[PDB]
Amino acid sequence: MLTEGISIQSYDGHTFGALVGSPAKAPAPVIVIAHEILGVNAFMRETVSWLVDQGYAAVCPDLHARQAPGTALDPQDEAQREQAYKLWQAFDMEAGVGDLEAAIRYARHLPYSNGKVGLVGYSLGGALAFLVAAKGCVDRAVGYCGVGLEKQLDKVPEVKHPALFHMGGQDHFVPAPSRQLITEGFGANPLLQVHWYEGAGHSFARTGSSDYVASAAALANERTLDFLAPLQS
């Protein structure tokens, strides 16, 4: 689902929609949400609503718009998971970062903005959140369950503002050696935090997932809100 009429234009003239949640009160910091491989779906709707309830405005851009506008896949359906994996395989990460940078610029200019913008990414969005933190577009970045972080360690010293990462300890995408590489690499830059959730799998914070772990999701989410709170006026 996207908000009708919202259109954000990127570096190369590509435009895309977004689901937008205005804040309960103005002004407010704005959180750009980088979605999973499944697009702007029920979990994104829940995430916008949650951040609005917590004193933010939120903007979830349609990152699959270069491939197919309005992707909103339900992870309960095998056919829809299959379409998501096909979209991910083809997804241009660099163009994703560009679209997120455009969404952040859009977020800064919203009429109720207090001048501060954060980014929170899940899955696909978690890996994009690290890349955006390296570019420095945002005031604070958060990434849940990003894949392939161990292949981006050269970017650790590029991070110049705080970024927080939540990672499952039983995430098959991040096996023991990868976890070790990420832990040692990220540890060199005190602007970064990486927290591991022992006993929790890849989608431990996604409501409805068979991977969901309430205790872990609760702790990660509490940490996220405490990390974002300094952006509030």
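Sequential numbering from 1, following the sequence displayed.
- Between 204-212 and 162-170, it is 204-212 that carries the larger average Cα temperature factor according to the deposited entry.
- Higher mean CA temperature factor, per the PDB entry, when comparing 192-200 with 61-69: 61-69.
- By the numbers in the PDB entry, the CA B factor is greatest at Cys137 among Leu128, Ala141, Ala103, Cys137.
- The deposited CA B-factor of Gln180 belongs to the highest third of values across its chain.
- Residue-level temperature factors show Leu38 in the middle third of its chain, judged at the C-alpha atom.
- Split the chain's modelled residues into thirds by C-alpha temperature factor. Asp77 is in the highest one.
- Compared with the other modelled residues of the chain, the Cα B-factor recorded for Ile31 ranks in the lowest third.
- When all modelled residues of the chain are sorted by CA temperature factor, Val120 is found within the lowest third.
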